[PDB]
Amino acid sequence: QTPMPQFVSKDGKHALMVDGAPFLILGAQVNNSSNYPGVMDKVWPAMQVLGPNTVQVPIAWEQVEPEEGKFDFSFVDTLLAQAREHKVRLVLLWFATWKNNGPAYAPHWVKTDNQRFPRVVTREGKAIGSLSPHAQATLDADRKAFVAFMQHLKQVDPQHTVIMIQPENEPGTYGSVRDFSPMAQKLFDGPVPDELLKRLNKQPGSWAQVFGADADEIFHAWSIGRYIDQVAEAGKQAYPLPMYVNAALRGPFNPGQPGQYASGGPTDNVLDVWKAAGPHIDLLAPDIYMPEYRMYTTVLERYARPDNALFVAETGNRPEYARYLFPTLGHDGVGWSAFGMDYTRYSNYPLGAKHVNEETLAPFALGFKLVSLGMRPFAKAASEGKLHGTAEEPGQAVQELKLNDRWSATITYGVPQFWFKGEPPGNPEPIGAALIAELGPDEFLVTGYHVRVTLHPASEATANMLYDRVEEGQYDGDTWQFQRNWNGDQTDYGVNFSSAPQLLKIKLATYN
């Protein structure tokens, strides 16, 4: 029997297990209103070009429980059938109590009834467009619908088309650091829970006593984390798929959205608070909409932790974003997904692309194609901490990757595929990237674009380097299929990639 999807993490190594082996998500997310049968013909032809292995689709509380107690999962059924037909897996996004801080996707009977389902209140006493995490009614209602959803999924998806769930979407609050309602203030005045004190190694006290100036934000983060953890807990009792929460980043890390001002989500300053609050939440995923290299790679480093597998749940769909797939995979987490990938003729420019079409998909499609040529062995390498990835930084034409005790790799951008004089110039725009998996001490899987990879000795022991084999080919599952051996011009100057769909399995040797 094929096992259900499972998230495994042990001693700083992680795997998203799908059909019994590690899996790397090569993801595409449709636009926010592309979750109805009548618009799916604007989705699948885009996915046909892009070739993701996983598609993220919203499942809206307003569409599955339009009247309280009257559930309608017909769109889930339709979407499952289509995903199977188009040969992709799914990640379903539960748009419920929070979507970008707000209740807009909650049913009419929730979002219009502030007496039953109360909004956060500011210090000055005004309600703002974010539901309070302290209200029992709201939690009970979100949780009941999420349980009905997971129970349905178990029944209709024995194929395991759906591999993860995202409960809520960028939870948090824009217009206030926390809830200042009497209901909230009563809790804030109370003692910090022992669970949190233990995680942060703090002595007992009220929230203000323990955390001082940072009490408001830490309180809100804990409170939202506990809310979603209870939703996730109940959902997993029904059907234990992996689950994650996604974070709006702060300030200059999120310069193009109002969410840059959000409090209470799993931002880099409250990750430990969220780990303590959310044992039923498998990982905390960043949404990265800043194209600058040092900033982007800093986010990857901050979210990639021994206790947190890196998943880039959302990122921009402008061409400069495509290359960040490889350094993301290089953190040996579970994958990367790009946002806004359909033909519905919507644009989130200036954040994203002005137009999504067959041409502007091309830079993203290439990376997905390259990893797909070897996805299961690449995923296995990630699960062992043996996957290396890098992308081009503007103004830096050369990078160095240490692979193991024996070998390293020089990464060179914008040079010919032949002998050349002068300095490496870099590509005209930063577009290059490489991916290298260690299969054995002398064997590597290598792919890339707009790049030269030059393997070379890391020690005196390997000084007399030779290529034993440089096999172009691909995997059918776990089975290598040989096409040709590169040699001569093709291996004289490292191995060079332009934009062709090529995967190399390279075995090194020495002469004795």
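One rule holds for the numbers: they count along the sequence shown, beginning at 1.
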## Note on the structure
Going by the entry, of stretches 290-298 and 310-318 the one with greater average Cα B-factor is 290-298
### Message
When the Cα temperature factors in the entry are averaged, is it 53-61 or 33-41 that ends up higher?
### Response
33-41
### Message
Checking the record values for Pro430, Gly352, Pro171, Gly330, which has the greatest CA B factor?
### Response
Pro430
### Message
Given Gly374, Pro258, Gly335, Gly367, identify the residue with the highest C-alpha B factor in the PDB entry.
### Response
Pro258
### Query
Of the three thirds of its chain by CA temperature factor, lowest, middle or highest, which one includes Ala148?
lowest
## Note on the structure
Chain thirds by Cα B factor, record data; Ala184 belongs to the highest
#### Entry: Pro457 by Cα B-factor - lowest, middle or highest third of the modelled chain
highest
### Task
Give the position of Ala463 by CA B-factor within its chain, expressed as the lowest, middle or highest third.
highest
### Query
Going by the entry, which third of its chain does the Cα temperature factor of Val76 land in?
middle
